[PDB]
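Single chain ahead, by itself, as structure tokens, in the form deposited in one PDB entry.
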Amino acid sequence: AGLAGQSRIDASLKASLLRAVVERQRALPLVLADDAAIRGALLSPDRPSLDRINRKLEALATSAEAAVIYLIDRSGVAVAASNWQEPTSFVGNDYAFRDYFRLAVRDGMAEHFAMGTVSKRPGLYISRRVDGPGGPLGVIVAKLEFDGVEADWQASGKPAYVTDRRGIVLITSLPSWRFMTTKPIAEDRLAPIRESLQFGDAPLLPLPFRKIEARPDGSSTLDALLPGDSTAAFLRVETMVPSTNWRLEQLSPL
């Protein structure tokens, strides 16, 4: 009852923190997608241009604490990247068939959660179409990672995780709960979801919960198996993360 009321307040904060973290990164493609020096680098991809966009993105990503920010031309090729001096530079890479690229071309913008193709680091890929004359010029992408939010949550003493509308856990204070589910999926649409996540190894098995008893709260009690130690008893509350289509759930130990 009052564990329930205290857990509601706690889950609401965690949701505002996450909202604040996302919104920091959102502003950068919002602004970059209309920038005449980004457009001109895509209308005339000379080596002087692209070096400046390279340093522009490099310095922007560093102060923004964005994993990568990069610019993709109309054929899917990354022409500029914040990580241009790193062995792991994205410059030259082909992302023509990436969701974040393809849906930004089609819709104007997209936000997509997936594992990095070489990094194996999960994150939100936030993308915007760069509009030109007579058509699209390319896409600007910022990848956000959530390691600092996940550490804040794990220090809270109340495990928390975020699901999409498919029920898949994307962000979690318990690492091995990532890509576990709130509902049984699986078998026929494991392939398409693993493809979507860029992660063949996504377990996509239900979260280790049982003895679920709903309350008139809208909250529920629950026995979970912890990444071992054993099983413990919890109160689960949920809340929407505002300005997202994401759902935060939080467990409080009984």
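For the two forms, the rigid core is made up of the largest set of C-alpha atoms that agree within 1.5 Å on superposition. When you see a residue number, it is the position in the sequence shown, counting from 1.
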**OP:** Look over 180 to 188 and 126 to 134 in the entry and identify the one with the greater average Cα temperature factor.
**Re:** 180 to 188
Subject >> 222 to 230 set against 61 to 69, stretch whose average Cα temperature factor tops the other in the entry >> reply: 222 to 230
Subject >> Candidate set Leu50, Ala27, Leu207, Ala33 [ranked by C-alpha B-factor, highest] >> reply: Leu50
Original post:
Comparing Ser89 with the other modelled residues of its chain, is its CA B-factor in the lowest, middle or highest third?
Top reply: middle
Original post:
According to the PDB entry, is the CA B factor of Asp99 in the bottom, middle or top third of its chain, that is, lowest, middle or highest?
Top reply: middle
**OP:** Would you please rank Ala151 by its C-alpha temperature factor against the other modelled residues of its chain and give the third it falls in: lowest, middle or highest?
**Re:** highest
Subject >> CA B-factor placement of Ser75, once the chain's modelled residues are sorted into thirds >> reply: middle
**OP:** Relative to the other modelled residues of the same chain, rank the CA B-factor of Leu235 and answer lowest, middle or highest third.
**Re:** middle
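Only in words, not in the display: the form deposited in another entry, which the text now covers.
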Original post:
Superposing on the rigid core, is the CA of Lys211 displaced by 2 Å or more between this form and the one not shown?
Top reply: yes
Original post:
Hey, does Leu32 budge by 2 Å or more at the Cα between this form and the one not shown once the core is superposed?
Top reply: no
Original post:
Can a Cα shift of no less than 2 Å be assigned to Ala224 between this form and the one not shown, given superposition on the rigid core?
Top reply: yes
Original post:
in the other form, do the Cα atoms of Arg121 and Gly200 sit closer or farther apart than here, given a shift of 3 Å or more?
Top reply: closer
**OP:** Work out the direction of the Cα-Cα change for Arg247 and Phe199 in the other form: closer or farther than in this form? It's 3 angstroms or more.
**Re:** closer
